[PDB]
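Here is how the chains run, residue by residue.
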Protein chains: 2
Amino acid sequence: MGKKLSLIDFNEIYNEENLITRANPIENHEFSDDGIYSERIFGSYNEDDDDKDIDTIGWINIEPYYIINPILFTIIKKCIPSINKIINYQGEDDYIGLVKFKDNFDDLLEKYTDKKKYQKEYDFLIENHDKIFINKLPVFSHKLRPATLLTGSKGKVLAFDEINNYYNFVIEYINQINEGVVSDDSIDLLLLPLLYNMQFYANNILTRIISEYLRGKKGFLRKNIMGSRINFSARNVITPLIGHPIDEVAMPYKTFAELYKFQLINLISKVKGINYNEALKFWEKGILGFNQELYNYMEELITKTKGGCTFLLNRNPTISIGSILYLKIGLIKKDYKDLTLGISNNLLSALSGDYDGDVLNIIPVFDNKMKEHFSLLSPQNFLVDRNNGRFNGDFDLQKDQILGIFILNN
Amino acid sequence: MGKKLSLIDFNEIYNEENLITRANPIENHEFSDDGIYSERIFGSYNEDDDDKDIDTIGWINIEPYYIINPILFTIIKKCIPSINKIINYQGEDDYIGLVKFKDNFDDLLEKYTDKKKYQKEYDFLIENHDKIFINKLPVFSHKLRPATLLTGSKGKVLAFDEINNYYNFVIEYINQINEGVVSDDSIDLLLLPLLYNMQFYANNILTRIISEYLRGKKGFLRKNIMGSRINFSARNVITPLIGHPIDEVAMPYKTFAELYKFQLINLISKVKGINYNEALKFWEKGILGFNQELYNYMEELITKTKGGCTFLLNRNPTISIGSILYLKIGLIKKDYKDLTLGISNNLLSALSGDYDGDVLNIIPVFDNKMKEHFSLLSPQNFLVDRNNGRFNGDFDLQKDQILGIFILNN
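Per the deposition metadata, X-ray crystallography was the technique used to determine this entry, at a resolution of 3.30 Å.

1. Structural notes on the relation of the copies chain A and chain B
Superposition record for chain A on chain B: RMSD 1.1 Å, screw rotation 179 degrees, translation along axis 0.2 Å. Here the transformation between the copies is reduced to the relation of a two-fold axis. Residues of chain A ranked by C-alpha distance from the rotation axis are headed by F169 of chain A, positioned 6.0 Å from it.

2. What to know about the interface of chain A and chain B
Across the contact, 24 residues belong to chain A and 18 residues belong to chain B. Of all residues in chain A, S153, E179 and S183 of chain A bury the most surface against chain B, accounting for 21% of the area lost on that side. Inspection of the region where chain A meets chain B yields zero salt bridges. Along the contact surface separating chain A from chain B lie five residue pairs in polar contact. Among the secondary structure elements, those contributing two or more residues to the side of chain A that touches chain B are α8 (162-179) and α10 (192-214) of chain A. Per-element accounting of the side of chain A that touches chain B gives the leading share, six residues, to α8 of chain A. When grouped by side-chain class, the residues that make up the side of chain A that touches chain B number eleven nonpolar, eight polar and five charged.

3. With respect to the pairing of strand β14 (residues 359-365) of chain B
Residues and elements named next belong to chain B. Burial within β14 is extensive, with five of its seven residues counted as buried. Direction of pairing for strand β9 (residues 234-240) relative to β14: antiparallel, over a ladder of four bridges. If you follow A234 over to β14, its bridge partner there is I362. Pairing geometry for strand β11 (residues 310-314) and β14, over five bridges, is antiparallel. Among the inter-strand pairings, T310 is bridged to a residue of β14, identified as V365.

4. Some remarks on the pairing of strand β12 (residues 324-332) of chain A
Strand residues, when the strand is regular, have side chains that alternate between the two faces of the sheet. Residues and elements named next belong to chain A. With four bridges connecting them, strand β10 (residues 248-251) and β12 associate as parallel partners. Its bridge partner lying in β12, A250 is registered against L331. Both strand β11 (residues 310-314) and β12 contribute to a ladder of five bridges, which runs antiparallel. Bridge assignment links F311 to a residue of β12, and that residue is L327.

5. Considering the packing of aromatic side chains
Tallied over the entire structure, the rule returns 34 aromatic pairs over all chains. Measuring from ring centre to ring centre gives 5.8 Å for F105 of chain A and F133 of chain A, while their planes differ by 85 degrees; the resulting arrangement is edge-to-face. Here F133 of chain A lies in strand β5 (residues 133-134) and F105 of chain A lies in helix α6 (residues 105-111), a separation of 28 residues in the sequence. For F133 of chain A, a relative accessible area of 14% corresponds to the buried category. Consider the rings of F200 of chain A and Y201 of chain A, whose centres lie 5.0 Å apart with planes at 55 degrees: the pair is tilted. Overall, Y201 of chain A belongs to the buried group, its relative accessible area being 2%. One aromatic cluster is present, built from ring pairs that chain together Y166, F169, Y173, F200 and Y201 of chain A together with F169 of chain B. Stacked on the ring of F140 of chain A, the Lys or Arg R145 of chain A has its end atom at 5.7 Å from the ring centre.

6. Remarks on the pattern of salt bridges
Oppositely charged side chains are able to pair whenever their charged atoms sit close together. Enumeration over the complete set of coordinates arrives at 23 salt bridges over all chains. Across the salt bridge formed by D338 of chain A and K333 of chain A, the nearest N and O atoms sit 3.0 Å from each other. Taking relative accessible area as the criterion, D338 of chain A reaches 27% and is therefore assigned partly exposed. Salt-bridge contacts for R22 of chain B lead to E27 of chain B; the nearest nitrogen and oxygen are separated by 3.0 Å.

7. What to know about the packing of helix α11 (residues 261-272) of chain B against helix α13 (residues 292-304) of chain B
Residues and elements named next belong to chain B. Look at α11 against α13: their axes get within 10 Å of each other, and the N-to-C directions meet at 110 degrees. Between α11 and α13, the interaxial angle falls into the category roughly perpendicular. Both α11 and α13 take part in a crossing whose hand is right-handed. On α13, the residues that touch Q263, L264, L267, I268, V271 and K272 of α11 are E293, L294, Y297, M298 and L301.

8. Regarding the nonpolar core
Ranked by size, the top nonpolar core spans 98 residues in total, and within it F101 of chain A together with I80 of chain B carry the most contacts. Excluding its chain neighbours within four sequence positions, the residues that come into contact with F101 of chain A are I68, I80, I83, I86, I96, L108 and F133 of chain A.

9. As for a negative patch on the surface
Residue and element names in this part refer to chain B. Among the surface-exposed residues, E30, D33, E39, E47, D48, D49, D51, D53 and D55 lie close enough to one another that they form a single negatively charged patch. Structurally, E30 can be placed in strand β2 (residues 30-31). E30 sits in the exposed class, given a relative accessible area of 53%.

10. Some points on unusual backbone geometry
For the bond running from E63 of chain A to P64 of chain A, omega is 10 degrees, close enough to zero to count as cis. Mapped onto the elements, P64 of chain A comes out in the loop between β3 (58-61) and β4 (67-68). Of note, the bond from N316 of chain B into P317 of chain B is cis; its omega dihedral lies within 30 degrees of zero at 15 degrees. Along the polypeptide, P317 of chain B turns up in the loop between β11 and β12 (324-332). The phi dihedral of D185 of chain B is positive, around 45 degrees, even though this residue is not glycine. Residue placement: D185 of chain B occurs in the loop between α7 (162-179) and α8 (191-214). A relative accessible area of 56% means that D185 of chain B is categorised as exposed.

About the cut-offs
- Residues numbered from 1 in each chain as written, not as in the entry; some residues may be left out.
- Chains lettered and ligands numbered in written order.
- Part of a larger assembly, values for the part shown.
- Heavy atoms only, no water.
- Least-squares fit on C-alpha atoms.
- Contact = heavy atoms within 4.5 Å.
- Buried area = accessible area lost by both parts, 1.4 Å probe.
- Salt bridge = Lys/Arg side-chain N within 4 Å of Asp/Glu carboxyl O.
- Polar contact = N/O pair within 3.5 Å; in protein donor to acceptor, adjacent residues only side chain to side chain.
- Helix = DSSP H or I, 4+ residues; strand = E, 2+ residues; numbered from the N terminus.
- Nonpolar A, V, L, I, M, F, W, Y, C, P; charged D, E, K, R; others polar.
- Buried < 20%, exposed > 50% of the residue type's maximum accessible area, 1.4 Å probe, protein only.
- Pairing = 2+ DSSP bridges.
- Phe/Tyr/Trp six-rings, centres within 6.5 Å; stacked < 30°, edge-to-face > 60°.
- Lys NZ or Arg CZ within 6 Å of the ring centre and 35° of its normal.
- Axes fitted to C-alpha atoms, helices over the stretch in contact; angles between N-to-C directions.
- Parallel < 35°, antiparallel > 145°, perpendicular 65-115°, else oblique.
- Left-handed = near helix turned anticlockwise from the far one by under 90°.
- Core = buried A, V, L, I, M, F, W, Y, C linked by side-chain atoms within 4.5 Å.
- Patch = residues over 30% accessible without salt bridge, like charges linked within 9 Å, V, L, I, M, F, W, Y side chains within 5 Å.
- Areas by Shrake-Rupley, 256 points an atom, 1.4 Å probe, with all protein chains shown as cover.
- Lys, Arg positive; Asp, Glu negative; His and termini not counted.
- Charge placed at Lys NZ, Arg CZ, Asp CG, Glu CD.

Here it is in structure tokens:
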């Protein structure tokens, strides 16, 4: 909640064009162009025609009246504990009201504060005095806050989150206040409570957005920091491979098909002169069982692609150099049942994994530029131990390999 | 907030006759008979036809769905921390739903308990199983929640308590769920959001009742304990009176007129055979300045009244026996400017007051029964010291009087 960050002066950024001064949720059986769910300023389902993003932000005007800034409310509350009582209208001045509070705020801040307890807050109030009172409160895009239509016994009804209720309530309260000319002549003293409710609703709007961050905005973003879910990824068991170079590997039929699907569909469309959807039908048929034709397209990709077909192999935990390795797909297996990645025994020591049923993550790299940059993680570059500069025994001959050379030479 | 008192089963008290199912306060330009602001069920103070006191309470039916008891929510929350999460849909049973929570409450309560901390709360929940779930919500009389009449340009202004805005909102949510009989086709239950917000709204309504108790409801009762504001009361400065008995005192013209205003008008109406409104006009003229005629009626009243014309004189602090004394109105002063009570010097010592310009409180007693009962506080009854049974020196001769008797005898 409480964060130290730059504040924004709403009045400068406020745009009169996207101003919601109409509180009506619907107008004459239609979504109001001036309503909260406005296609003109916020956008609609046809968002490509609109060219208006989620960033589109609506505005509401409280002029000629000012409210306490919702973000700055808590610090004022700590400085002035009686803020909740004082704002309501029912020392020298007590419980004067919101409009009266504005006129005497500077004196009141000195009047009811403990300097030692809240000096930093008081200094902040002096620093950002101009931003204490707000004339316009922003409303975020209706695309973020959906209103799903439902059928009702009396009539079709729109279900929507409470945030929309908070916004429309605020606009409803303000709309009547500005209209009255001869009503207001002496009513102005009981008009103040109406403004008070608006301030509380805006505070809940601020609190709800804080909860919105918890509900898959900040939680999802920090979950992404916890674990970014990458497409074009795979998990596979490792099996020993013999007779092929160390960097090259053998990949199962199913593994290659999914990761290089779009590359595979490109070739089938070009070779057979078919639509992309029709090419997908060929790929779907191949997924079910081994067919030589799709294997031929897969074999051509590994054979003829520039830089080869390469990927990154990581064994978690990724705590050591060589945990993630840049490798090449030498062969594609012709057994549908075989679902094990074939790796050289020399790679195993660097990865620190075992052929005990452990699974390694496969992340293919496509761009030739990206392929080159990740080639610094290749096994060939890791033949040199980085601390010593000597050859790394991790990539040296292992148990079975050493014995054969020993019998040969010794 | 830490209060223990008997709970109420709303179904037992539920009355279909006093049922508020209409959220619209006004119907066809008149107060709705079924509305929240209903003259039909609550009444109108002006017309005698209402015959209904504030004790009248309206009723609402929430069936076929139940809400958590508003008073017991905090007690349930301490036992079950997930109550807030569970009721809404977004541990193992996190966010199951209100209806699912209602069915599985016994399982959830056993699941979420503190063995040492919340054993007392758990036992209370066992005691009040029947009162946990609420099917009927009470609505208090519209007479208590005033609507101040004001003119508005858009429309005539309807004034409402902060709670009153919530009341019309609460009724709307349930109204829609019941209208549909077969409409939902079991495909999508959106009733939970409507019920969910309602629980908080009723809870805030309950908190408002706590604030309403703070707003001069129970506090005014405490104001009576702190100081009951007694009408038919007076305050006057004390000046010595000589030549009259200890029990008798001299009362100013204005003091007697106001205190005995209703007694005096009865005599004036009878003697002149005039209406009480016309008799009041004469009383107003006499109060403005001294007139012999009103003094004569007052003089007759003090002479001929049954039990005499008597009052209670208290000097605060009323911490001693004799601080409040039952006294008699012997004479009425004929000087309008003279506003000093004439008391015997012997009374002063018991009262503990002095003739220094301090004021003593006058509480007149009217009923003959009360006069006898309060006569136990008379000076003659207190001539006997209750501690010893001896004569009370407070009522004896004082400094100036002792000197004369001493010169006489010694």
